[PDB]
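First up is the structure itself, then whatever we jot down about it.
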Amino acid sequence: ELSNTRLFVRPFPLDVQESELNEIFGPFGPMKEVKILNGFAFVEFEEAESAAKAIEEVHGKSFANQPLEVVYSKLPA
């Protein structure tokens, strides 16, 4: 066990929103939470299959200027 379901998506500046995450994460299906901060997104699902595919779709791929950490994000809240 970890957070099992959270996409730690921080390459972008203030430009990222739930609409840009809708462009990237909408292909997976789920996107149950979409916490937006000052250059950071902490997307979330209620199960580990959207996480497994989110990882294989875009973890470590270079978005905007640097790679993603679409994973079991290191935050419990």
Subject >> Tally of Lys pairs whose C-alpha atoms are under 18 Å apart, taken over the range 29-76, 8 or more apart or cross-chain >> reply: 4
Original post:
Normalized C-alpha radius of gyration of the chain, against 2.2 N^0.38 Å?
Top reply: 0.96
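Every number in this text was worked out from the coordinates using simple rules, so none of it is lab data.
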